[PDB]
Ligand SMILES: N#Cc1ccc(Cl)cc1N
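Shown below, as structure tokens, is a lone chain in the form solved without the ligand; questions about how it binds or moves come after it.
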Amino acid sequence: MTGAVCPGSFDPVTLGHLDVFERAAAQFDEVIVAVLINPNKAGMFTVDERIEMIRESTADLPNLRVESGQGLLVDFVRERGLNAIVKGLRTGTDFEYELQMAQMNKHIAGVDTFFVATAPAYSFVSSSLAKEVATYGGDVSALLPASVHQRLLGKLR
């Protein structure tokens, strides 16, 4: 019966994200990873690539599925008969902005947002910082799932 949506651009998914997915899947009957797309900015990976990388690293989570979307997150959530968001916290999270969005999302659609801190080991990776470090040759292999790392290097070369 219970369920939550884990949203993000996941460009690419990191081990910080996967940690949060795993916790959500352990605590809710169903979890949907929402790959949210801005149709007006391309990013590094296509939607199909993003989804494939997530699926390949979540194969051990039977109650997790992955879908893309755009527009209001709360519409994505409600159209699936759910009303909870689970969002990860890491070092460098703009928490004040996350709080603003959470209060807005509850106001307009009655959707709750639960925050969970990612594991310390994965607390300083972000999609953007991983892409930046890898661009200049830094080793981010320990911070990304195998489904991502060499595809990332491929894009960069």
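All residue numbers are counted from 1 along the displayed sequence.
One more form of this protein exists, namely the form solved in complex with the ligand; it is left out here, but the text below deals with it.
Within 4.5 Å of some heavy atom of the ligand in the bound PDB entry lies at least one heavy atom of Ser126. Interface residue remark: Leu89 is counted as part of the site for the ligand in the bound PDB entry, having a heavy atom within 4.5 Å.
Within 4.5 Å of some heavy atom of the ligand in the bound PDB entry lies at least one heavy atom of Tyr122. Using a 4.5 angstroms threshold between heavy atoms, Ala26 stays clear of the ligand in the bound PDB entry. Residues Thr14, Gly16, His17, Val20 are the ones in 1-32 with at least one heavy atom within 4.5 Å of the ligand in the bound PDB entry, listed in sequence order.
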